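Asker: I'd like to ask you about the structure that follows.
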RNA sequence: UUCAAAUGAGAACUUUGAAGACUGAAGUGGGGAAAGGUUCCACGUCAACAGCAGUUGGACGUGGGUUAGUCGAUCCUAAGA
RNA sequence: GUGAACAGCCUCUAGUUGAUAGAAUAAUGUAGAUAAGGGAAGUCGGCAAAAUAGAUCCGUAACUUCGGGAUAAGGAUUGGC
């Protein structure tokens, strides 16, 4: 809307920074349980509702 | 055996009683099949000029008697099908009638 | 002749629909123009005389410098990178060894298999499904206000 | 390969719509390599892209 | 009172090439020059000449360089040398003919 | 063809023929009687204001001059200006007797030729 | 909708060219308001999706990009809290 | 531009060619039409189906809260140059 408040823009910026798949080097540890991050979200499917 | 034998084609023979929406595609299919039957090959290519000529009158108004020529060409290397290859090419005439198939010598 | 010419012009015009390329800015070839000049039957003597004029770029094809770098060999090695430019890659730079890089790629390829079986749009799509519908498994369709059309 | 991006950029830099850009199928390597406004300007100066000016809309019968 | 107007067209390059007939061009201009309706009713007002390199026209009555260009291209197509003879203007009211950019 | 043509020239809707038109126009005594009828109720014109050439009742009194000034009535007049002809002319042309046809044409020209003009002058 | 060319292991659908088309300016255009929130764009890549294929993408992976003494808020007030 | 018109119809600037396709065209529909002669005859029922339909001129009844009814009904004409 190009009129968001600063806190709204900050929330969206944090969401954008969060939006990434898993780094590859994580799987190279010992006794690992992380397979694929379930917190990944895309605009098409899920809506954060601010 | 590279040969060139200018034939004649009438659309009315094979476009009679067909859907108005697909007159030109039907003409294209009939032209390629006619070339196939009158040559005896596997690969047939049309000419952009012939496409222009057939579509030019209209999508549902293709002219009946159109003059075309067929050229045999030897296929390039690494062609697993055959050296056989046919290429079509249009040519305009003053009158549709009065012409028949004529072989033209290579020059 | 006039009937043939008018037929050819009608075929070639096509002015109605889109456009006509300007003859002043189109490009041609003297190889093509030779047939037309012969058909007009003019003096070819003062026409082919311009062919030798093109003897300027004929020697320019040679440049030297390893005979233009000795074929295309650096491209094959330079195109092996997953991404170009000089920026930090949070996936490539995470693992240094190529063997471990291949191992990580294999791990990712294997891991995506379960989501592929589940037919999810990707690692991010998680749209669940409801077991039953309140508006499709209740009510009595008596006379009057129907449940739905 | 892909030339829609080049076509759009050329249309924008010329000032006409993306349907009014002409390309040479014979010479495509240079236009594929070109991706800057200066590159488009220099190639159109070279004459590899035409303006294909507006179609005729006569009013003589009117 | 009335001021004459002069136009000069240079056909040096293609005529020296040998695909041009300046005498025939001048003859056509003389025969088909049209002023105020009919053709051939010129009242000794507009004259043309040819020297072998440049065709010069002097007109006292109504005339335009655009109309001169139109007549030139009409004769070009009638002789069927279009797509091969290019018309341009050197400066104001002065024109020239030239080849195209075949450069194969 | 299922359109205006049949809907206007259907068998129910017919008009008089040029032959009978010529006959009544030639008959001087019929010219007056074609309009001096006693009275009518069925036709929309009530037996009044019937244009012989157009073969229609005007349904009123002042529309007569309007239709006369109209071009359609002039078109019918121009059509009537032609030679009547009949089936005998066609038969004579189609390989039959010509002397009788020539005699009939000569008698027509000598007797009834100016008769139509005289009747028109007397009427209008 | 048609043909040709190119890429490509593989082309009814990718790109270009050559034609035919339609939207017909109260548009399928040009901007925006709510809302949407990185989807805009570039580069490599197509197992998962675009009920069909996809060599393509509003998909995948990595990055770039919004500059206000004059544009709006921030200033004032209405029905209201 | 067509006209009374921001109707519909064709075109210009701009934009799109996206919605699974190919081979033949039987019965049963979808939306449309057409039909010789009779002209609403059965149909609960003149219901989807047809007729005048635009513009100019003439004359327009009963009734009346005298302001309407009224485009009442009907007739004559409609081109090109």
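Residue 1 is the first one shown; counting continues down the chain.
Looking at the header, which is where the method is noted, we find electron microscopy, 3.8 Å.
A Cβ is built for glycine as well, from the same backbone N, Cα and C atoms used for every other residue.
Below, the features straight out of Swiss-Prot:
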CROSSLNK  D:20  ubiquitin cross-link
MOD_RES   D:29  phosphoserine
MOD_RES   D:36  phosphoserine
CROSSLNK  D:52  ubiquitin cross-link
CROSSLNK  D:59  ubiquitin cross-link
Asker: What is the total of other Cβ atoms whose distance to the Cβ of residue D:20 (ubiquitin cross-link) is within 10 Å?
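Answerer: I get 17 for this one.
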Asker: Neighbour count, 10 Å Cβ-Cβ cut-off, for residue D:36 (phosphoserine): what number do you get?
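Answerer: Other Cβ atoms within 10 Å of residue D:36 (phosphoserine): 10.
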Asker: Of D:29, D:52, D:59, which is closest to residue D:20 (ubiquitin cross-link) if I measure between C-alpha atoms? They're all recorded positions.
Answerer: D:52
Asker: Check the Cα-Cα distances from residue D:29 (phosphoserine) to the recorded positions D:36, D:52, D:59 and tell me which is shortest.
Answerer: D:36
Asker: Far apart in sequence but close in space: which same-chain residues, 6 or more away, have a Cβ under 8 Å from residue D:52 (ubiquitin cross-link)?
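Answerer: Residue D:52 (ubiquitin cross-link) has long-range Cβ partners D:20, D:21, D:22.
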Asker: CB neighbours of residue D:29 (phosphoserine) within 10 A?
Answerer: 7
Asker: Near chain C, which of the recorded positions D:29, D:36, D:59 can you find when the cut-off is a Cβ distance under 8 Å?
Answerer: none
Asker: About how far apart, in whole Å, are the alpha carbons (Cα) of residue D:59 (ubiquitin cross-link) and residue D:36 (phosphoserine)?
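Answerer: Cα-Cα, rounded: 40 Å.
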